[PDB]
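# Close look at the chain arrangement
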Amino acid sequence: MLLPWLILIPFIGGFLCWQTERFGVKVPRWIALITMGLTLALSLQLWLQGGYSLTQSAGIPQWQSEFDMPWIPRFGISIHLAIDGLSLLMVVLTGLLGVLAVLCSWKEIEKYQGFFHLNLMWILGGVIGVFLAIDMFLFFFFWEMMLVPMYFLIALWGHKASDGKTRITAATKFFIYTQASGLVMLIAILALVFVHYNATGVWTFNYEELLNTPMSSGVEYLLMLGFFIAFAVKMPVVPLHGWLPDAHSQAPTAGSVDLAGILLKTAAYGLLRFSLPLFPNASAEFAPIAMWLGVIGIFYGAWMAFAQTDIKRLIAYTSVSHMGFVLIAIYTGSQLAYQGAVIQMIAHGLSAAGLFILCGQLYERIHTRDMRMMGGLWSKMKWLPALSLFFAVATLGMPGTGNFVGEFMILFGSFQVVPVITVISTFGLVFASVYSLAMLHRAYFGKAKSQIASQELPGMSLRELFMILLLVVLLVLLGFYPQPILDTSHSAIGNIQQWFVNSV
Amino acid sequence: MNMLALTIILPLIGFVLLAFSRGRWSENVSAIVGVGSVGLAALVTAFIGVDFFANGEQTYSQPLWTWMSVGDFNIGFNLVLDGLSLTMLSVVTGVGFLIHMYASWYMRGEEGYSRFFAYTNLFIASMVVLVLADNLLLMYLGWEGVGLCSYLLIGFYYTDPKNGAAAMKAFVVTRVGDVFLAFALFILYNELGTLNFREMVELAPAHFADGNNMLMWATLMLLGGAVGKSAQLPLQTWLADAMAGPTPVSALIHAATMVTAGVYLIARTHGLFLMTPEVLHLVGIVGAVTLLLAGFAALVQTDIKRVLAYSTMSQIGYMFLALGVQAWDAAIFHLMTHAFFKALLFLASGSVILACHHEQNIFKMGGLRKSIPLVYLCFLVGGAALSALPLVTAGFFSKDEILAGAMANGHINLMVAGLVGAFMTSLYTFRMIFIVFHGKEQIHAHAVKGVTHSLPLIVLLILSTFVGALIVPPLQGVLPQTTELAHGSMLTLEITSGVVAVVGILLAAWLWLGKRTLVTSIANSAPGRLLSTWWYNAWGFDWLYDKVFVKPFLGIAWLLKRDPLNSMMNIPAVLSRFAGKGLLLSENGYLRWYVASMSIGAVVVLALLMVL
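It is worth spelling out the overall build of chain B at this point. In terms of helices and strands, chain B carries 28 helices and two strands. With respect to the three principal axes, the spread of C-alpha positions in chain B is 115 × 65 × 55 Å. Of all intrachain contacts in chain B linking residues separated by at least 6 positions in sequence, the fraction that spans at least 24 positions is 78%.

And the structure:
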C-alpha cells in the first residue's frame, strides 16, 4: 500500500523542484529537504508499525506490505513491490543518505539548480525501487534507470564543461561497465523464464514461481554466472571494479555519497535475494570461486589503498576491500554470517558517507586535492580533523563502531563453515590499519609548512557539523547496540539460509 | 554493589565533556573535572573493595544489557568483579589516579590541555573495561579501545612529526596482536560455543573427550595475542618509540595500565591454560629468553626514557615466567608491587627533566644531590625494590616467592634465568643515577618546589616502599591454582638474591668509583660497538620486522600507484576505438570502390550459400 507512494516521492519532488524553478531559485533546496523527510517518515513508519520481529520460519514468501499491479500483461510483468525486513533497513538507510545528499548541496546555487535536484531525487528514487522489487523486469528496469542520471551528474556537474576528463574516461567507464553486465543479466532472466515456460506453460516474470522452477544440472550454472556478472560490476569485485575510483574522484561528493554509500548496497542485496534462492546448486558449486575472489578483493583493495596519493581515490579503494567480507559472507552456509554482513553493510554506508562529506569539505577549505601536498593542519582546523580521525578509526575494526561487529561475525560464521579461507581473510584488518594510518598521517599529522596554502584556513559552519555529529553518534550506537536491527533482519536472513540449506 | 558501571561511566562521560570543550574552558575548571572523574572512579572502587571484603570474597556479577544475540551467538555486557579482577582494578584506579593527579600540575603552561584530559579519561575507561569484562568479546573492546588511546597519546604532540610518526608503529603492531587474539576467539566459539569465562571453565573438559589437537592452535594463537599487546620477543618493537610522548603518558602506558592487559589475559584464562600444559610452559620459555634481551639495552643508549622502557620490558616478561611456573597469585603480587615503583620512577624522572631544560643526556650532568634531593630519594627507593634488595623493599618478597615457586617447579634453566635477571636488574639499578647525579654540574638543573606535586610525591614515596607491600591484594575470591610454597630453602634463596643484588650494586658503584676510563675503553672498543650496534638492532628484530614486509609493502604500493586492473579491462574500449578508426579509414568516397563492394558482397554471399 505505502510502497507505490514510497518509490514515487523522489520522482514527484523532481517534477516540483523543476516546476518551482521558474518561481524561485532558493526553493528547491527547501523543497528537497522536506520531501526526503517524508520519505524517511514512511520508511520509519514501516519500521515501527510493522511486525519487524516476525516469525523466523514463515517460508520464503513473507512481506510486511505488498503491492501488485498489471504493467505489461503479455508476459505477466507487474509492479510487484514488496517490502521485507532487510529491505526496510535498506530503505531507511537511503532516506538518511538522501537527507545528507540534499544537506551537502545546500547553499549551492548555480545557473541551473532545479535540474541538479530533479536528477538527485531521480537517482535516489531509483535505488529505493531496486530495494523494493520482486518482479524481475521491474527489478531490472529500476536497476538500469538509476544508472542513467548519474551520468549527467558526472558530466555536467563533474566540472562545468571545462575539462574533457570528467566525461570521456570517468563517466563513460561508469556507464559502459554497468550496462553491458545489465544486459547480460537480462538475457539470464530470459533464459530462466523460458526454461520455466517449457516446464509449466505460463509467461511469468514473478519471483515466487520462478523460485522453484525445475532446471537440469549444467544449465542453471550459466544463468548463475549471468546474474553474478551484473552483481559483481556494481559492488566492487576483483575482475571488474575499475569504474569505482574514477567515479568517486570526479563526481561532486554529494554524487559520491550516492555512488558509494548506497549504489554498492544493491548488488549484495541482489546476491542475498535474487541470486542465492533461485540457483541453490549452482551457487553451491560456485562457492569456492566466490571465496577466492573475496579474499583477493580484501588484500587487493588495501594494497591499492596504501599505494595511492590522493584522497577520493583512497576512500574509493577502501570500499573494494570492505565488500570482500560481504561476498564471502553471502556465499557460506551460516545464518550468523549473513547477519554480520547486514550490519557490516549498513556501517559501510555510514562510514563512507562521513569520510566523503569531510574530504569534499577539506578540499573546499584549502582548494587542494593531493594528500601529500598538505600536512599538519591540526593546528589550523578546529573540528574537521578530530571528527575525521574517528571516521578513519571507524573504517577499520574498532569496537564501538559498527564495522567491527559486522566484519567479525562474518568471520565467526566463515570459520564455522570453512577454516582455511577464513584464516587468510582475517589478515585484512592489519592491512586496514596501515591504509587508515597512512591517510591520517599524510593528511593531518605533520607541519603546516608542507604547503604554502596551509597558512590561511576558513571556519566551519554549523549545519555541516550537525550532520557530521549525527553520523558519528549514529555509528557509535550501531557499534555498541546492534541488537534492534539484527532482530529485524532475523527472519528474512533465516529463510534464505534455510532454503539454501534445504534445497541442496 | 551495583556500582560497577560507575567505574566506567563517570570517567567516560567526563571525556565527552572535554572532547567538545576543545580549549574553550579555563585552566582551573578543566583541571578539576579531569582529576575528579578518576577520583570518583577510585572512590567507587574503594567502596566496592571494602564491600568485597564485606562480601566474604564472593564475586558479584552485573549484566547491563545484551550486546548482540543470535540464536546460537549470545554476547552480553556482563561484568564480573572477583578477586583477580578487583586487584587489576585496584592498580588502575589508584595508579591512574596518582599519575593523573601529577598531570594536573605537569600539563599546565602549554596548549592541548582539554584535549589531553579528554584522551586520558578514554584511555583509563578502556583499561577498566578490559579487566572487568566477563565475555571475551567485551574484553576485545578493551584491547583495541586502549590501543587507539595509546595512539592518541603517544602522538599527542602533533606539531613535530617524530612523536607524531612514532605512534603508528605501535598501532600497527598492536593490531597484529589483536588479529592474533581474535583468531583464538573464533576457534573458541567453534569448539566450545560459549565465551563466558566460567561457563568456559566447566564446559572445556566436557566437550574435549575425543579430540585435543586443535586446542593447541587455539591456545598458542591466544598466547600470541596476549604477548603482543604488552611486550615480548615475537613483537617487541614499539616500546622504545613510545617514549617520544610526554612523561605522564609514558607512565600510563608503560607502568601499570596498558602493559597490564597481556598479564590479565593469561591470568584470567589460567584454567584454560591448565587444559594444555605445554602451551603454559611455552609462556615461560618465551619469558626466559626475553629477560636475556630486555636488560642491557637500558645501559646502551643515553636516553633516560629508553632506560625506564627496557626495564619495563624486562619486568613484564619476568611476569610471563611467573605465570608460566604456575605461580599465579605471586605474579599478581609482583604486579601489585610493580605498579607502585615504576610509576614513581617514571614520574620523578619527568620532574627533573623539567628542571634539566632540554638536556636529554646522561653523560653531561653531575652533582645533582645538591640541586634537589627529593628526586634523589625518588630514584633511590625505586632502584632498591627493582634490584631485589632486602632492605625495607616492597617487591623482594614477590621475587622471593616466585623463585621459590620456580624451584618448586624444578627447572634449573629458569633459576639460572632468574639469577641472571637479578644480577642484570642490579646492574642498571644504580648505574643511571651514578652517571647522571654524580660528577659536576656544568649545566644547572633548576629545581622546582611546589606542594601540588610534593603531596603525591610523598604519597607515592610512602606507597612504593614496604609499607605498601603489607596491603595483601584480594586473591582468595577466585580460588586459582594454588601457588606452591617451600620452606627451609626460603631463607637460602632470600640470601642468595640479596648477595646477587649486592654484588650488582657494588659493581655499578665500582664502575662509578673508578676512573671510568675503562668504561670509556669498552665504550670505544670495536667489538663493544659491534655488540652495541647489534643490540641497537636488538637481535635485529626491528631490522627484521621492517625489512621483512615494509619495503615489500612500499614496493607493491609503488607498483599500485596506478591501478592495473582498471586499465587492463579498458582494453575492450581500446580495441573498439582503434578498430572503429580502421573501419572509418576503410571508407573512401570514390564510387568505383562502392560498386566493387557490391560485387564483392555478391561474391561472398554466393560462396557462403554454396558452402551450405
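Still more ground to cover, so stick around.
From N to C terminus, chain A includes 21 helices and four strands. In terms of C-alpha radius of gyration, chain A reaches 22 Å, essentially the compact-globule figure of 23 Å for 504 residues. Across its three principal axes, chain A shows a C-alpha extent of roughly 75 × 60 × 45 Å. Counting only residues that meet the buried cut, chain A has 66% of its 504 residues in that class. Sequence separation of at least 24 residues holds for 80% of the intrachain contacts in chain A that already meet a minimum separation of 6. Surface exposure of chain A reaches about 17,400 Å², of which carbon and sulfur atoms provide 69%. Looking at charge distribution, chain A has the averaged site of its 24 positive side-chain charges lying 15 Å from that of its 22 negative ones.

Take the interface of chain B and chain A next. Between chain B and chain A, the residue contacts involve 52 residues of the former and 56 residues of the latter. Looking at the side of chain B that touches chain A, the elements that each hand over two or more residues are β1 (60–70), β2 (73–81), α4 (113–132), α5 (136–154), α6 (161–192), α25 (550–559) and α26 (564–568) of chain B. With 16 residues, α6 of chain B is the single largest residue contributor to the side of chain B that touches chain A. Of the residues belonging to the side of chain B that touches chain A, the class tally is 38 nonpolar, seven polar and seven charged.

Their ring planes at 5° and their centres at 5.6 Å tell us that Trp383 of chain A and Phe20 of chain B sit as a pair that is stacked. One end of the pair, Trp383 of chain A, is in the loop between α15 (335–366) and α16 (384–395); the other, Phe20 of chain B, is in helix α1 (residues 6–20), on a second chain. For the pair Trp67 of chain B and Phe77 of chain B, a centre-to-centre distance of 5.2 Å together with 35° between the ring planes defines the contact as tilted. With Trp67 of chain B in strand β1 and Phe77 of chain B in strand β2, this residue pair connects regions lying ten residues apart in the sequence. Looking at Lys160 of chain A, its charged tip hangs above the ring of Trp157 of chain A, at a distance of 4.5 Å from the centre. Sitting above the plane of the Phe578 of chain B ring, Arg577 of chain B keeps its charged end 4.5 Å from the centroid.

With respect to the helices, strands and loops of the structure, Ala255 of chain B is situated in helix α10 (residues 247–256). Measuring from C-alpha to C-alpha, the distance between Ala255 of chain B and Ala133 of chain B comes to 21 Å, with 122 residues separating the pair along the chain.

Another aspect to go through is the pattern of salt bridges. Here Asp84 of chain A and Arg273 of chain A are joined by a salt bridge, their closest N and O atoms 2.5 Å apart. Note that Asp84 of chain A is positioned in the loop between β4 (82–83) and α3 (85–104) and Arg273 of chain A in helix α12 (residues 265–275), a separation of 189 residues in sequence. Here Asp303 of chain B ties to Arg306 of chain B by a salt bridge, and the two come within 3.7 Å at their closest N and O atoms. When salt bridges with common partners are traced through the structure, they connect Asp82, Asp134, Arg198 and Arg268 of chain B into a single cluster.

This part takes up the packing of α4 of chain B against α10 of chain B. When two helices pack together, their arrangement is given by the angle between the helix axes and by the axis-to-axis distance. Residues and elements named next belong to chain B. Put simply, α4 and α10 touch, their axes get as near as 12 Å, and they point 5° apart. Taken together, α4 and α10 sit at an angle that is classed as roughly parallel. Where α4 abuts α10, its residues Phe116, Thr120, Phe123 and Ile124 lie against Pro248, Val249, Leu252 and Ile253. Class assignment of the residues belonging to the contact of α4 with α10 gives a composition of seven nonpolar, one polar and no charged.

All names here are of chain B. Relative to β2, β1 runs antiparallel, the two being bridged by eight bridges. By the bridge assignment, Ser61 is partnered in β2 with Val80. Turn length for the β1-β2 hairpin, with the two strands adjacent in sequence and antiparallel, is two residues.

Residues and elements named next belong to chain B. When its domains are assigned, chain B resolves into domain 1 (1–536) and domain 2 (537–612). Centre-to-centre, using C-alpha coordinates, domain 1 lies 60 Å away from domain 2. With six residues of domain 1 in contact, the opposing surface of domain 2 contributes five residues. Take the side of domain 1 that touches domain 2: its biggest share by element is four residues, from helix α23 (residues 526–536). Along the lines of polarity and charge, the residues of the side of domain 1 that touches domain 2 split into four nonpolar, two polar and no charged.

This brings us to unusual backbone geometry. All names here are of chain B. The phi dihedral of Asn2 is positive, around 60°, even though this residue is not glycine. Here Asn2 shows up in the segment before α1. One non-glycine residue, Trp539, lies in positive phi territory at about 60°.

Our next topic: the environment of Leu54 of chain A. All names here are of chain A. With respect to the helices and strands, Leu54 occurs in the loop between α2 (27–49) and β1 (65–66). Sequence separation of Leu54 and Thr426 is 372 residues, and the distance between their C-alpha atoms is 33 Å. Among residues more than four places away in sequence, those in contact with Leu54 are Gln62, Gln64 and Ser491.

Turning to the environment of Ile83 of chain A, a few remarks are in order. Residue and element names in this part refer to chain A. Structurally, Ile83 is set in strand β4. Sequence separation of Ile83 and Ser217 is 134 residues, and the distance between their C-alpha atoms is 32 Å. Not counting residues up to four positions away in its chain, the partners in contact with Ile83 are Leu3, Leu46, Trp63, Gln64, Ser65, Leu88 and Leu132.

All names here are of chain B. Mapped onto the secondary structure, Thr290 falls in helix α13 (residues 277–294). At 2.9 Å, the side chain of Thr290 forms a polar contact with the backbone oxygen of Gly287. Once residues lying within four places of it in the same chain are set aside, the contact partners of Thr290 are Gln232, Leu233 and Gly317.

Residues and elements named next belong to chain B. Close contact between helix α9 (residues 213–229) and α13 brings their axes to 10 Å; oriented N to C, the two are set at 20°. When the axes of α9 and α13 are compared, the pair comes out roughly parallel. Crossing handedness for the pair α9 and α13: right-handed. Along the contact surface, α9 presents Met216, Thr219, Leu220 and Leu223, while α13 presents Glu278, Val279, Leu282 and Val283. Split into classes, the residues belonging to the contact of α9 with α13 amount to six nonpolar, one polar and one charged.

What counts, and where the lines are drawn
Residues numbered from 1 in each chain as written, not as in the entry; some residues may be left out. Chains lettered and ligands numbered in written order. Part of a larger assembly, values for the part shown. Heavy atoms only, no water. Residues with missing side-chain atoms left out of burial classes, pairs and counts. Helix = DSSP H or I, 4+ residues; strand = E, 2+ residues; numbered from the N terminus. Contact = heavy atoms within 4.5 Å. Rg over C-alpha atoms; globule rule 2.2 N^0.38 Å. Buried < 20%, exposed > 50% of the residue type's maximum accessible area, 1.4 Å probe, protein only. Areas by Shrake-Rupley, 256 points an atom, 1.4 Å probe, with all protein chains shown as cover. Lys, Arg positive; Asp, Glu negative; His and termini not counted. Charge placed at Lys NZ, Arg CZ, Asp CG, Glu CD. Nonpolar A, V, L, I, M, F, W, Y, C, P; charged D, E, K, R; others polar. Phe/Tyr/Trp six-rings, centres within 6.5 Å; stacked < 30°, edge-to-face > 60°. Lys NZ or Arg CZ within 6 Å of the ring centre and 35° of its normal. Salt bridge = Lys/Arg side-chain N within 4 Å of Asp/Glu carboxyl O. Axes fitted to C-alpha atoms, helices over the stretch in contact; angles between N-to-C directions. Parallel < 35°, antiparallel > 145°, perpendicular 65-115°, else oblique. Pairing = 2+ DSSP bridges. Domains from an automatic or database assignment. Polar contact = N/O pair within 3.5 Å; in protein donor to acceptor, adjacent residues only side chain to side chain. Left-handed = near helix turned anticlockwise from the far one by under 90°.

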